[PDB]
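> these are from a larger complex, still in place; more later:
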Amino acid sequence: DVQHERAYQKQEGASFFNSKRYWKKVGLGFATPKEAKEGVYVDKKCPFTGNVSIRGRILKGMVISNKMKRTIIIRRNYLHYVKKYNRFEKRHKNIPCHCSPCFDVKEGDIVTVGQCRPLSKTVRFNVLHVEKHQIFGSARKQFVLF
Amino acid sequence: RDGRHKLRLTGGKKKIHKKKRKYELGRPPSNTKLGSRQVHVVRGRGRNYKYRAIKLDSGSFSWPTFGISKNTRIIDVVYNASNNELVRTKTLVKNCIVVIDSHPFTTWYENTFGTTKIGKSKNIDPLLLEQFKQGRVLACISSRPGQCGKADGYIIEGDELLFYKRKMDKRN
Amino acid sequence: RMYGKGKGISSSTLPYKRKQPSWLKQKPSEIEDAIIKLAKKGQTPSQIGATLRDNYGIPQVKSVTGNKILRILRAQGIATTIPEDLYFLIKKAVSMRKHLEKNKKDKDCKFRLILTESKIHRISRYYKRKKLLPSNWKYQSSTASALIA
Amino acid sequence: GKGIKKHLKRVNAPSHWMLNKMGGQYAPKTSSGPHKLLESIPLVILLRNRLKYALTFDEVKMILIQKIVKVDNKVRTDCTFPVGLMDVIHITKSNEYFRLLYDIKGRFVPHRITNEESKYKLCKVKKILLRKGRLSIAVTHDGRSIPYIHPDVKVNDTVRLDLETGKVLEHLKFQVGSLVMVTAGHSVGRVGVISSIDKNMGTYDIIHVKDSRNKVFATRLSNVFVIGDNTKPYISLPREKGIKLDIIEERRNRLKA
Amino acid sequence: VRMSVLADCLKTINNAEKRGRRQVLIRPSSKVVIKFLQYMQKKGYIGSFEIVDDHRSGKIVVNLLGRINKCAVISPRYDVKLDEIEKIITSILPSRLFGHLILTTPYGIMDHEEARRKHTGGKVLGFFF
Amino acid sequence: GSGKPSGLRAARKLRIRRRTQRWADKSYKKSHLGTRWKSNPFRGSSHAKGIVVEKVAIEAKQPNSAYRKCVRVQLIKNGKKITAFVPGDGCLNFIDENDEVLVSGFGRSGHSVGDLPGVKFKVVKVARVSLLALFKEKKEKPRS
């Protein structure tokens, strides 16, 4: 079932009647997956299929959640240097990202996300490329320096 | 009013330290209706006027298959994926499905070739044809009348049309 | 020692020469077959190795056959789902639990049971991290007894 | 209320104005115009601190009032009009012609120049718009729109632009070995040939510019101003000829005098 | 348990020097340790050493010239920038005229002076006097 | 072993322990607890003005034998009653039983000084004339 909303999920930029489905390239060498080019699914905020251009930062993360609809959480784990102790310390930050159903992403999977406009109250990113990866504890606890 | 005054995602109260800066303007909704035309001008930022349609009728409606358009009175609102209240109140917004007085399109067709620039070959749907037979056809609105001040829209077609019919479906 | 205060160093230590010694007549295929037979007969890896060392003339299956014995078992397809050491630990735990059930006041046993559980959880975790265990495998004190078979 | 800022504080003034800390509280605040305040220079500074024709702002204003100072050949009476990187100034009474250039430090000098060469000015294009009637217009660092520019002109290249009439003479592509001047960080006066351009994907396109002492230095492509083909510059450069010496070398030079 | 083989080895060496041994059995050899030993040899502090290959982590035995005052690791292998070096060396080693402060540097392991000559600082292994 | 962790990525522990432990330092605690402003007459100040309430004697610590001349004063700032020792060979009588005294610390932050038991304050101006000046006498005379 494609049309799940009260409205008709169309795909802006499609052009149905005249001409010789719509996707774009997004750039920075991130290959548009098969599932975007083939495989109907409408998404306003897909990098490839929709109308959001990714631009600004690109940062790899590691997914913590799939619980939201078409939306993912990724903790960036990183090292904050403290000059007093000339040592580091694990620190982190949970970036919420928009997904788009071209990417089937279970937790612990590495992703890379480009920036893009403010899509919601907190989701300013969308996932461009999903490496696979496997995890055994909780993704919560995996440090992957990156 | 476009601004903060809102919890912090962790659910912590943002203790506010800033009034309301005018560029965070949230001026109130024009619930634009049917009727004889009547539109006010609101003065947005750099003298950028925008046209609060408050009553409307004679929007520009397109026929996508043939890629043409005509100005018609719009005779009723019949669905609103936002909420049914709006449709009850007969309020036009940017994805309202409404009914056009659809004689104009028919007339155009007659003028061009047959009876119910030219890449004709498509030659109409069954459902659409049926609709035309009663005079009055379902059509999305596509302008945001509250901003733009026009009820510009387009005729609903094939799959989308079917879906909307299903949604409408009566039944009990 | 991981848990006691034991600090002993009793150990096998293999000889410098790791290309098989001159006197070893057995061709690899035969030894493989023997290993397979042993496995079938109910022996576990370590036990099998011991048997090979003692009953037949062969020091180390690694010098005769390029592969180690677990690997060859795996190849032949008679590898246990549940690894040797882990299995043993589980068995021990089960035994302890039975005793506890029988005999509630044994404090030392309980303490030791906890230790064995902990060790299992370590070992278990390690196996999960590889792919010998499935990720869906907690060890349960209720189930445990059934698992070993 | 809160809108734009009309004043400029004399310490917050951009260093290459070379103002005082004393000698005032404020600075002139370039009018909006054809140049970015941080890389421009108002006419006041030129008149008063560089040429020293005026002692005061008042004198500068007076001078301007006589319609005698032209910047790119059309007059200006706005004391704080920004002059900027390449622009020819024609002080009419002396019959002096200056062209603004950079020193080997960050500083603007007024160069002094002939009638003949004065009639043109170099201008680097930045954007190349399409507009109505599929006519292309280049937009120069001089905040000036050149319409109907020759199609082979691309986004970074300079253009020799006439002043008497708005039309262009010739253009110089942004090539691998094109004589270049700089106009921003560290290596600002520097003049080189170009060795290599990086052409990073999402980022700033960094370029490496070999000098005539063969000292390579890098720079953003943003702030590089094409000035020639490998052989000859299309403008008269200052005495130093964009050869930013080492510190030690400079000191030695100073000593030998 | 072991953590830093190298540190342990260095400690052992120091102990040997203190006693006034001659020979000394550095018990787990490591590429890094070997490199360190070589460096030491180069700057005269150590004699020959016969990295004996078992079929495991090797043993070294090392020939001492009665010449080392101390040698040591400085654990936390602090990244150290080229400008940051001087202060570190002041802190550590007894005189500017002598002693050596060994860095692992993307151009192999080498002493502070060497690093300076090169241009790259790196992570700081240890030192001797 | 050291006691402390010396890992490269140890910094969190190192910082955190220091943060907790700082508070064992008495001086640090004195500086950074909020009870300074609450529980102090001068309320974080050099001096304070207090009208006098009682000229009073205070017997010294056991080994020494004197009755030190103090003045129990009320701070105008704070409404606090405090004893302030008055210096000088005969400088209790230089002040009135109700005089606007300006009183300083004694030299040891809060901590009490010398022979005196629990008088942490040194009157050093009366009716705006300097107690020292009055003591010298060649300089000044108390205006009233």
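Noted; the coordinates are in hand. Residues are numbered from 1 along each chain as shown, chains lettered A, B, ... in the order given.

> Around chain A, pick out the residues from chain E.
With CB under 8 Å from any CB of the partner chain as the criterion, chain E meets chain A at residues E:76, E:78. In this view, the C-beta of every residue, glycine as well, is placed from N, C-alpha and C.

> and the residue of chain E nearest chain F?
Going by CB to the nearest CB, chain F is nearest to residue E:76 of chain E, at 5.2 Å.

> distance of that residue from residue A:85?
Separation of residue E:76 from residue A:85 (CB to CB, to the nearest Å): 10 Å.

> residue of chain E with the smallest distance to chain C?
For chain E, CB to the nearest CB, closest residue to chain C: residue E:55, 6.0 Å.

> Could you check how many residues crowd around that residue?
By other CB atoms under 10 Å in any protein chain shown, 10 other residues sit near residue E:55.

> that older thread, tally up the residues packed near the residue of chain E closest to chain F, please.
17.

> shared neighbours, residue E:76 and residue A:85?
residue F:10 (CB atoms under 8 Å, 6 or more residues apart in numbering or on different chains).

> ends of stretch D:44-63, how far apart?
10 Å (CA to CA, to the nearest Å).

> Let me see the residues that make contact with it.
By CB under 8 Å, 6+ apart, stretch D:44-63 touches D:17-19, D:28, D:43, D:69, D:79-80, D:83, D:89, D:91, D:98, D:100, D:108-110.

> buried stuff in it?
Residues of stretch D:44-63 classed as buried by neighbour count (16 or more other CB atoms under 10 Å in any protein chain shown): D:44, D:45, D:46, D:47, D:48, D:49, D:50, D:54, D:60, D:63.

> Could you list which of those residues belong to strands?
Secondary structure defined by DSSP state E assigns none of those to strands.

> Chain A: strands as residue ranges?
Under DSSP E, chain A gives strands at A:58-65, A:71-79, A:90-98, A:110-114, A:125-130.

> could I get those strands as JSON lines with mean neighbour count and distance to residue F:25?
Shown next, in JSON lines, are these (neighbours: other CB atoms under 10 Å in any protein chain shown; distance: least, CB to CB, whole Å):
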{"stretch": "strand A:58-65", "mean neighbour count": "20", "distance to residue F:25": "41"}
{"stretch": "strand A:71-79", "mean neighbour count": "20", "distance to residue F:25": "30"}
{"stretch": "strand A:90-98", "mean neighbour count": "17", "distance to residue F:25": "28"}
{"stretch": "strand A:110-114", "mean neighbour count": "23", "distance to residue F:25": "46"}
{"stretch": "strand A:125-130", "mean neighbour count": "24", "distance to residue F:25": "45"}
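
> okay, RNA strand G goes in next:
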RNA sequence: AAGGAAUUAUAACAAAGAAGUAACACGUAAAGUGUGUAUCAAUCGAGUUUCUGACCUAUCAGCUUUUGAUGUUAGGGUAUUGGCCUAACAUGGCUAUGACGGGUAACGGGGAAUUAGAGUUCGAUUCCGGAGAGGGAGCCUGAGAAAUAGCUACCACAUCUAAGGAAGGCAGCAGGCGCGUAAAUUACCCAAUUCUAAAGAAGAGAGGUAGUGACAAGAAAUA
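Time to bring in RNA strand G:
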């Protein structure tokens, strides 16, 4: 024709469609200027926004979600993005790497003091940014204000009044009372530095100059 990437520039077709393109003023230059004007670009900027970065407290451990908390859809609104707001639907989101509270005698930063090197403390205060004009809130004008020597209202102060009404907001400059351990003249001027204007020629407590000044800082008599 670009841009890493376009539903971009642009071109065509079908519909609507603002505003505009001088019913203006000088007499100039070597035919010029002022004023105005649609779109574009530049500029002076502004708004949002990415990442990273902060002090004390666990005698603050669970928070957030009817009251938008987290997301999806559709809209409304905005100059534009966005729970920014509405409706409908999910049940999310943050947290022992300290969420959420509490405290700060907290505006932030550039910096200051003091240090061999680390550091520790300070940073109201020359510049940049934020905020506020007694307290909240609300608007009008305008390119830009949620303006405060704009307005509306309430609260708290408070002035004149013929008692009907009326105006008022020094955290501008001086100056005064109060508070206080604790801080200067109701000075002269636009000359300099700048701003504003119908832009040399006017204004400017912006700014400067003196006055008070043992805050500091430097040089230096008393032979």
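
> please look at the buried residues of stretch D:44-63 again, because RNA strand G has been put in.
Neighbour counts over stretch D:44-63 (16+ other CB under 10 Å) mark D:44, D:45, D:46, D:47, D:48, D:49, D:50, D:54, D:60, D:63 as buried.

> Quick one: the helices in chain B, in order.
Taking DSSP state H to define them, one finds helices in chain B at B:84-89, B:103-112, B:126-134, B:145-148, B:159-168.

> most neighbours per residue, which of these?
helix B:145-148 (a mean of 20; mean count of other CB atoms under 10 Å in any protein chain shown).

> quick one, domains of chain C?
C:25-79, C:80-149 (curated CATH domains).

> hmm, I was thinking of chain E
When chain E is cut into domains by curated CATH domains, you get E:1-68, E:69-129.

> The longest one and chain F in contact?
No - among the residues of domain E:1-68, none lie within reach of chain F under CB under 8 Å from any CB; the closest is 10.4 Å away.

> ends of that domain, how far apart?
End to end - CA to CA - domain E:1-68 spans 27 Å.

> Can you tell me, leaving aside adjacent residues, what's nearest to residue A:8?
residue B:160 (4.7 Å; CB to CB, 6 or more residues apart in numbering or on different chains).

> any idea how far chain C is from that neighbour?
Between residue B:160 and chain C the computed distance is 45 Å (CB to the nearest CB, to the nearest Å).

> mind checking how far that residue is from chain D?
The value you get for residue B:160 to chain D, if CB to the nearest CB is used, is 35 Å.

> Would you check that that residue makes contact with residue A:11?
No - Residue B:160 is beyond contact range of residue A:11, at 11.1 Å (criterion: CB atoms under 8 Å).

> near chain A, which residues of chain B show up?
Within chain B, the positions near chain A by CB under 8 Å from any CB are B:6, B:9, B:64-65, B:67, B:81, B:95, B:119, B:122, B:157, B:160, B:163-164, B:167.

> What is the nearest of the buried residues of stretch D:44-63 to residue F:90?
residue D:49 (70.7 Å; CB to CB).

> May I see the residues of chain B next to chain A arranged in CSV, with distance to residue C:33 as well?
Shown next, in CSV, are those (distance: CB to CB, whole Å):
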residue, distance to residue C:33
B:6, 74
B:9, 66
B:64, 76
B:65, 77
B:67, 80
B:81, 73
B:95, 75
B:119, 78
B:122, 76
B:157, 74
B:160, 71
B:163, 69
B:164, 74
B:167, 72
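
> here's RNA strand H, drop it on:
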RNA sequence: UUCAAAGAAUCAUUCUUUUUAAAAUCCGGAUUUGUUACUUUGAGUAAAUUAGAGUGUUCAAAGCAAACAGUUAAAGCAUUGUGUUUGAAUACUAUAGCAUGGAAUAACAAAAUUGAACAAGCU
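This next block brings in RNA strand H, placed alongside the chains you saw above:
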């Protein structure tokens, strides 16, 4: 988990050149090969302060000026007229972000109840 080896200069040491495997690319010759940390170079940053260059504010704190030639002209350079040389450097502007050379040290990724590399054939 690629260790090493050889030649030339200098006062046992220093700095330099050359080759010792495998794969892809280019007309037998010639040239690309995990990620991040780390490090090196850059780039880009307001000045004021700070360090710091120059400069006899009479010194100094300063400031960002100045110096030079002359009882009034020579000299230069300009085609009688025009002073001239100049200076207001440089470094600092995180711990993050940007590009960047990297051989060591660290991680991580790749990797057998089976994993991918070619040559042939069929779709």
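
> So in chain E, which helix runs the longest?
Ordering each helix of chain E by length in residues (DSSP H) puts helix E:5-19 first.

> That one packs against which elements?
Under the contact criterion of 3 or more CB pairs under 8 Å, 6 or more residues apart in numbering or on different chains; DSSP states H and E, helix E:5-19 touches strand E:23-26, helix E:31-42, strand E:60-64, strand E:71-73, strand E:123-128.

> and that helix, which residues are buried?
For helix E:5-19, the buried set under the neighbour-count rule, 16+ other CB under 10 Å, comprises E:5, E:6, E:7, E:8, E:9, E:10, E:13, E:14, E:16, E:17.

> Might you report the residue contacts of the second one?
Going by CB under 8 Å, 6+ apart, residue E:6 touches E:30, E:32, E:33, E:36, E:73, E:125, E:126.

> Can you tell me, leaving aside adjacent residues, what's nearest to the second one?
Right, residue E:32. The shortest distance from residue E:32 to any non-neighbouring residue, by CB to CB, 6+ apart, is to residue E:6 (5.5 Å).

> how far away is the one you found from chain B?
Distance from residue E:6 to chain B, counting by CB to the nearest CB: 45 Å.

> Which of the three states applies to the closest residue to RNA strand G within chain E?
Using CB to the nearest atom of the strand, the closest approach of chain E to RNA strand G is made by residue E:87 at 4.0 Å. Using DSSP: H, G, I helix; E, B strand; the rest coil, the structure places residue E:87 in helix.

> count of neighbours near it?
The burial count for residue E:87: 10, using other CB under 10 Å.

> near chain E, anything from whichever helix in chain F runs longest?
Counting by DSSP H, the longest helix found in chain F is helix F:11-22. No - legend: contact between helix F:11-22 and chain E by CB under 8 Å from any CB is lacking; minimum distance shown is 10.4 Å.

> That helix packs against which elements?
Helices and strands in packing contact with helix F:11-22 are not found; criterion 3+ CB pairs under 8 Å, 6+ apart.
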